[PDB]
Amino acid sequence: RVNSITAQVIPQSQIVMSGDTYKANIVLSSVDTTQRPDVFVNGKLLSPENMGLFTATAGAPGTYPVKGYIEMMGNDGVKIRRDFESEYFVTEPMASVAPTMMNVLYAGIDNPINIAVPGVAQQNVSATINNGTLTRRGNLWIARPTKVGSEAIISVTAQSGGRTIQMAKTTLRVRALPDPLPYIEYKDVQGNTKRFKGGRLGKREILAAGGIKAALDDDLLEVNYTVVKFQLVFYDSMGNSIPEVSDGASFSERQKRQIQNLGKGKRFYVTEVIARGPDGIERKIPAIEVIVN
């Protein structure tokens, strides 16, 4: 029945790292291009439109099996069926795509770093850092840099031979975690949570918050900042400034009363706002203008 004999070079990978080995299966395919056989692969029957080609988008790295059967109608009316069991491997990319405004590490938090060596298993690799610690966590690494304003050099080595081979020297910048901005967490007329600029806000909506909260604008950077202490500035009949201290990240009873008896259009300020990041460093963050409405 065959009308087409073809030689094929089927490699494991078309790109190999120096020192690894190129492996290719060389096979003959004697087929009948007239036929359209039923291909059941990985619990699915291929649609005739696929023309025998099975495709799967490579997602997470690992060992993926290709298992099923092929069946076609023989010339005699006897179905001819053949089972198969093959496999493919998904790897990490062998191209580094690094935005330079992103090569940074933050002191005080876990910095997940993906150290990927193609052609070598995750165990054969060893990675070290010159600033802080670089430990393993599952399929990832964790950098905890200690010296802010200095460089962090990640040194990756694989060995896989007689002499220990250097794979990559990566220089990264060490920064303190950013300073947060203060805000007042409030629920709108619908009930949805919004974060005050300041500018203008209702007193019913002010007292609902119960204090000052501190966080970053982003989303860069998913970090917790707590308000240590803050002050509220008020104004008497003599035009003098009255700075009232707060009970931590919550309004004091002296302040709470002042806000109630204040009145619409009247302005108050939140000054000397000290916030604390995971690194434990207390930091002076900016002020907010609060207008009653």
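Residue positions are given as counts along the sequence shown, with the first one as 1.
Taking the mean C-alpha B-factor of each stretch as recorded, 65-73 and 232-240 are not equal, and the higher mean is that of 232-240. The stretch with the higher mean CA B factor, choosing between 28-36 and 245-253, is 245-253. The residue among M94, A215, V156, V120 whose C-alpha atom has the highest B-factor in the PDB entry is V120. Between the residues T193, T133, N103, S126, it is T193 that shows the highest Cα B-factor in the PDB record. In this PDB entry, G265 carries a Cα temperature factor that places it within the highest third of its chain's modelled residues.
Compared with the other modelled residues of the chain, the Cα B-factor recorded for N139 ranks in the middle third. In this PDB entry, the Cα temperature factor of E185 sits in the top third of its chain's modelled residues, the highest group.
The entry lists a Cα temperature factor for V227 that places it in the middle third of the chain's modelled residues. When the modelled residues of the chain are ordered by their C-alpha B factor, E87 lands in the lowest third.
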